[PDB]
Structure formats: structure tokens, C-alpha cells
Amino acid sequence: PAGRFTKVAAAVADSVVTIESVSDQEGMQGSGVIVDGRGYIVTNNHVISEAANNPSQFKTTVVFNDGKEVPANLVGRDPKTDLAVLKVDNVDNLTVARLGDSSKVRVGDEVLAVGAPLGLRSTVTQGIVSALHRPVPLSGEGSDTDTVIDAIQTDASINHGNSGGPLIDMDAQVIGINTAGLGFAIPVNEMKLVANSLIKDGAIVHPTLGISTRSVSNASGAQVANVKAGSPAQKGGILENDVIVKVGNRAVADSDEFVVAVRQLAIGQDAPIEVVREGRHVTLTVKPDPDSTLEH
């Protein structure tokens, strides 16, 4: 008579792996999920960040459920979503995870934050979804720039032991990727989009406006702190100490939501930015650039 969560955790264990990167004097471990039978594995960008930035000195391996250790190669990574894709070569009989639909997730849904069973300090935690589409700032691990993501929030503990592993619903389906870098997960629908671009192109392109903001709240939004020269914001009329309240069709509550809303804009297409300037309600038009132009 195995328990409710015991069954679900056991049903996905074969699909979760330990990811380990080591040099002469450093060792760095995480979890990941098998998402493609050819050997493609999804994890956090901060789990592999140092191996990616120092690939000549770091070696990355994958440890499966049975204990097999296999070399692993970095397909691509996205620090802006704290996502990354690895690939193991010609491994047979892989248990691929079942990818859910994070758009159907609801507050109160019971979830499991599953870490790799063989990880050093591995954890499997249980809780509910506490919030949806919740912008959360994430600290960049190495030279990686900090970022903000629309996260699924859960009161299941997200820690080093299950970071990079899957957030699992009661149907044993992946609805998110745990990120410890009061718990947060990268929703699986964004995960599928980012991993598709990383698998095909080895990188991903996100829109940018050249804006840096700080949060403001009074009788509220993202206050423009710096506008880059020649940027879409500078060419659109966005001024400094403007208070951004809407980017595209998304209302902006603070600096966190501003970062997320910008990534939802269309590159190369006009878009409205609603601001409040010295008390006045002003709307501006910006054409977002790609953040990496030679990959666009």
C-alpha cells in the first residue's frame, strides 16, 4: 500500500538525473529532467553556469537512477529564464518525462518538487501551488546577469537538493522546473519554448528596450532609472524618472513585472509603453530590439 505522493515520486524517478560539474578544485551538483529520448536534459542555468563560462577547466556528467555515469555536453543555456539543456549521447532505454501544461495549473494544486534521488543532498518536497505568473528576481550565479521570471510559486521547499529537477503534479507530469537560484519553478510551457530554441540554435533571443528600472508605489510601477543611448526606449521618447505602468498589453506593478513584460514583446514590432510623467499620463511607442542581434 504505497502512499499518494510515494507513487508519484517513484513514477518519475527514472526521468530525473544528477548533473555534476567538476574542475581541479571545484565541484558543483544539481538535478535535471530527461525531456527527449535522444538524450536531451533540462536543468537550471545556475546549475551549470560555471562549467559554461569556464568549459576548458570543468567537466560535466549525468548520473541516472540506476547509477550510470555518462559524459554530458551543453546544448544551450538561457540565464534570462535560468534554463539550460544538456545532451547525453546514444544512451538507450531512457525514461523521458511527461510534460504537463502549466497553463492548466491552478492555485491549490498539490505538487512535488523532485530532486535527483542519487544527488548528494537530494530532496523531494511536497506542497501546493501558491501563486501563478508571479514575477520573481533570480540572482546570477557567476558572471551571469541577474534576471526575473514569471514563476509558479509553491510552498513546497525549493532547495539545492531539488533545484533543476521537475515540479510534478498529481498526474506525474512536469509542470515546471525547480529553481533555488517560498519556492519558485519555471513553468513548463515557457520551458518547452526556451528548450526548443536552445536545442535548435544553441541559444535564444529575447527582446530588449534599453531600460533599467526601480520599483515605485504611491498614490505606482517601474521607475525609469537609466535609458541606454540609441535604444528603442530612447528613440521612443522614454524619459528618466518616467513611471512605467504598462508594457504592451500587460500592466506593470514594479521593476520585477517590467522585466518579465518586456520579454513578452514582439521583436521588431511597434508596441505601446504607458507611463506617468510629472503627473501626466503619457503613452509612448517602442520597437524592441533583439538582445543578441547576430543570432536574430
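Residue positions are given as counts along the sequence shown, with the first one as 1.
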None, 1 to 3, 4 to 9, or 10 or more: how many residues of the deposited sequence lack coordinates between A219 and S220?
-> 1 to 3
Size class of the missing deposited segment between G119 and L120 | none
Averaging the C-alpha temperature factors as deposited, the higher value of 87-95 versus 168-176 falls on 87-95
When the C-alpha temperature factors are averaged for each of 270-278 and 12-20, which stretch ends up with the higher value in the entry?
-> 270-278
Highest-ranked of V259, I34, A253, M28 once sorted by CA temperature factor in the record = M28
Lowest, middle or highest third - CA B-factor, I158 = lowest
Ranked by Cα temperature factor within the chain, is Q126 in the lowest third, the middle third or the highest third?
-> lowest
So where's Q223 on the chain's Cα temperature factor ranking, which third?
-> highest
Ordered by C-alpha B-factor within the chain, which third holds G202? Give me lowest, middle or highest, please.
-> middle
If you rank every modelled residue in this chain by C-alpha B factor, which third holds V114: lowest, middle or highest?
-> lowest
